[PDB]
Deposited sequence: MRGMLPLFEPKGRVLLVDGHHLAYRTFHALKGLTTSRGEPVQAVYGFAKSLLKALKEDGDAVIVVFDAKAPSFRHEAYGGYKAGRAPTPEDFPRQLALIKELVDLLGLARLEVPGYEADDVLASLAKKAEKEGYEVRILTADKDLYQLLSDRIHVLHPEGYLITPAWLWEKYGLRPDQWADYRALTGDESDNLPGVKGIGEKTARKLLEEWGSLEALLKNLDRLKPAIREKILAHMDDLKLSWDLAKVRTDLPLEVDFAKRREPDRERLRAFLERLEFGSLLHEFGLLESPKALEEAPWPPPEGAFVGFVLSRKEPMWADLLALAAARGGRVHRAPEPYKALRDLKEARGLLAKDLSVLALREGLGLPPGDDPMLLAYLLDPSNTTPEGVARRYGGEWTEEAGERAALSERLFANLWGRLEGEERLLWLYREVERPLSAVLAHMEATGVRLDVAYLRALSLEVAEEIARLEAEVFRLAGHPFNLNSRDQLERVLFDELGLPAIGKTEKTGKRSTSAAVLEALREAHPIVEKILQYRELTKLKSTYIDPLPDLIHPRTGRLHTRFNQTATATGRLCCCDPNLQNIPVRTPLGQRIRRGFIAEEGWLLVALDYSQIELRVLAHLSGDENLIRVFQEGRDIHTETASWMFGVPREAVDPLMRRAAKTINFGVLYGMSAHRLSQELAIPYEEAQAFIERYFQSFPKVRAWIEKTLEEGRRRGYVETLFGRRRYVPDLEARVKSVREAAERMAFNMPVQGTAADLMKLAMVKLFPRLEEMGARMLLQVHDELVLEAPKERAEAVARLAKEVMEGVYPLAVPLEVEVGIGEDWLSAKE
């Protein structure tokens, strides 16, 4: 067989489905039952496929007023899918179909015709078959077994009957046989179609008893196999994925586009029954990325390359000991919601992320190491297996990375799944009231932007902005980043100008406050899950540059710390009815980590003594006893203690404080005079960084910094910041993650739970008559997570809302 050809009866399929799913239309009117029906059934056959696919149409007089509208969309759909369309002017779909089937058959093709209209059953033969829109595989055997006939005599058997429209009103019966129960029993000695005179009533009587009624029933044979046409059998074209999407979304059926990805699938490997062996990698497909709000569309497993596919995903989740594969965490969150305890196991992403924190997405990890992140549960599983193979083999030779995976990454996965699957209760009543409050704050600011500038224009609509600034002129350049386009303008434009004009400042206040409101106060009440009644923030274990947890929906991280609004927003997050929120926070961990990593005895000493690092630093910088340190002094000490963390720079500090460049340089000198090892540390961090090509955290977390050795000052000053900005933050991240991993086991027994983790804070939720005890357990665990040169202090709080516990 030179191939398989799937001939589609676009014409009769389009007609059939127009008189099916009669309800379907896009919510705005626009009917869609014909397009849908056609698309759905097309896919079914295309699932079983053929090398070459040709959709035949009629190439009007009394058809439905809406039919052609939909038929035109059907063809648009055929095109956009890269399938061959064929209509020969003057020929009826069926004739072309029959003829295409014959041609392809003769040319050494196995031909499968997707149609419902029974006429084509006469062409049934080996090579040529029929796929019913409904299902089955109408074959010649199917004819003998379910009808008792053979193709050669099936358009005949159909001529003494009448389907629908195949006009023949009158059969009688005879021994109850009607014409149908008989059908085959007239095939012995023709009569109607060749010789046979005297015979029984109906059987014969009715045959001749209907002249003219037969010189129309010949329409069954309206399947001439000799239509003169060329069109050759080529394999599928490329689909217009940009417009298939635009198309489907216009009919509101973009919702099920994923199905169409399942035809351009890289050759099916070998399979096996459902329950995959213990140790197989799972692949899965969800209706939406957010696991809590998603529907598990498909679940598959891979072992040794043999893909196993679940017949029903949900019941199937019960056959797994754990979720082992890409985005394993996301499946455990779904299973959790589904009341199933399926903990996250190995995941290639965790391995990739350790080997290199630039590996942040499955799409990219997959592409980078010889694979592809598809949308088929089965391919994502096999991919999940080869990636683990390829990647475990490398990480294996690295003890520091292996330790991290085994003691931090892998178990953090399981802790992440419970936090995401648990959610936080929100005070929706407060969210709405708060929104009322914040709405007006924005109003007054817009009003003031009209009160001044005169013409009450509308902010944000960037066309105006330029204009209001021509009615009161003042406009130069910005800097070097983001240049000239309408985006590079809205990016850095105006900021430079906020300085001396209230109008260009109130504009910031508005423009920004709306974002904070739209990002943190409005989406929130809507993110309250129906089944849980809680918001389920999402936690990405990989994602960041420092190794810090990334969260989204909402990004708690970017919620403004220590401001009238950020504080107001945290009040939104509340404790369950009879529970209390326990927020624990690591006081100055980056500094306690810098002291450890630098080894600076004076830094180590302050933390050991239990002293205020900003006052002490001020003492040794401005030569006055701690008791005599004044507000300004502790202010310069606090910022330098803050700036040293990422170097900052003399000018930066010179600017962060109202001080001549000169004085800021002296301040830095004094800082390193009191902290020599801190300077030495930075110096060496960049050396090993430059030599080795990467830096690390206390625990071994690597980040490649090639740009330390650049040409452009502006550029080697970037890599240099990040260069030591990672060991410090990286170490602080690692201590938190590890803390979470130790603490988790004990909150279960304490009946408490872990909710959020932002910056260097961990928010727990515990039963009222438990909160105090849980708080003390967590402080212990957190403080003694890992032995460093100085103590670790955890400021803790308890309360009904996140803002009560405060930090």
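S.K.: So which bits of the deposited chain never got modelled?
M.R.: Unmodelled stretches, in sequence order: 1 to 9, 69 to 84.
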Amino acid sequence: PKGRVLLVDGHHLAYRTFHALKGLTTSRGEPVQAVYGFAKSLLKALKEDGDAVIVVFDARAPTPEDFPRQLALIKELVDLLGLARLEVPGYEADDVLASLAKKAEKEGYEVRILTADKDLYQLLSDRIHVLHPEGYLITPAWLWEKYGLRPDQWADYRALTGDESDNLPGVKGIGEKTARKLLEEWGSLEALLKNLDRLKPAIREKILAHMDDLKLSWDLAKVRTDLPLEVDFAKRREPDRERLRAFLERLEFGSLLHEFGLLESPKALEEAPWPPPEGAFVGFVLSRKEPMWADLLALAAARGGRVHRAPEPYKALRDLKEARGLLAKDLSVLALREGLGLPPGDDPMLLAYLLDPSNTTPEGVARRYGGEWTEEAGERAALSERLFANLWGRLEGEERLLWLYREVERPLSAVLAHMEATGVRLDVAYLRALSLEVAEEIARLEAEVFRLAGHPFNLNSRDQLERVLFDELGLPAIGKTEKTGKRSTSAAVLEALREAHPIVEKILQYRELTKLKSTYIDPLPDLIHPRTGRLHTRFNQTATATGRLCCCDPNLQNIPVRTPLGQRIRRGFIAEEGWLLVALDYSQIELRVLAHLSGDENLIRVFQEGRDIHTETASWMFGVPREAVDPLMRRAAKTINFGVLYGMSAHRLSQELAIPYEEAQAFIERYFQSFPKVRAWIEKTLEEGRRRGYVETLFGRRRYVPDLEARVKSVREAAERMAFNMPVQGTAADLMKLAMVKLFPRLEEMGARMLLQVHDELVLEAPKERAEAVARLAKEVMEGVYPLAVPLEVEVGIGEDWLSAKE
From here on, numbers count along this sequence of modelled residues.
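S.K.: So 573 to 581 or 97 to 105, which one's hotter by mean CA B-factor in the entry?
M.R.: Between 97 to 105 and 573 to 581, it is 97 to 105 that shows the higher mean C-alpha B-factor.
S.K.: May I ask you to compare 677 to 685 and 222 to 230 by their mean CA B factor in the entry and name the higher one?
M.R.: Between 222 to 230 and 677 to 685, it is 222 to 230 that shows the higher mean C-alpha B-factor.
S.K.: Choose from 238, 385, 609, 420 the residue with the greatest Cα B-factor as stated in the PDB record.
M.R.: Checking the PDB record, the top C-alpha B-factor among 238, 385, 609, 420 is at 238.
S.K.: Taking the Cα B-factors listed in the entry, which of 87, 278, 145, 590 comes out highest?
M.R.: Across 87, 278, 145, 590, the entry lists the biggest C-alpha B-factor for 145.
S.K.: Taking the entry's C-alpha B-factors for this chain, is residue 134 in the lowest, middle or highest third?
M.R.: Highest third, going by the recorded CA B-factors of the chain.
S.K.: Please rank the C-alpha B-factors of the chain's modelled residues and tell me whether residue 738 sits in the lowest, middle or highest third.
M.R.: Lowest third, going by the recorded CA B-factors of the chain.
S.K.: Which third, lowest, middle or highest, does the C-alpha temperature factor of residue 42 belong to within its own chain?
M.R.: Middle third of the chain for residue 42's C-alpha B-factor.
S.K.: Splitting the chain's C-alpha B-factors into thirds, which one does residue 122 fall into?
M.R.: Ranked within chain, residue 122 CA B lands in the highest tercile.
S.K.: Which third of the chain does residue 378 land in by C-alpha B-factor: lowest, middle or highest?
M.R.: Residue 378: CA B-factor falls in the lowest third of its chain.
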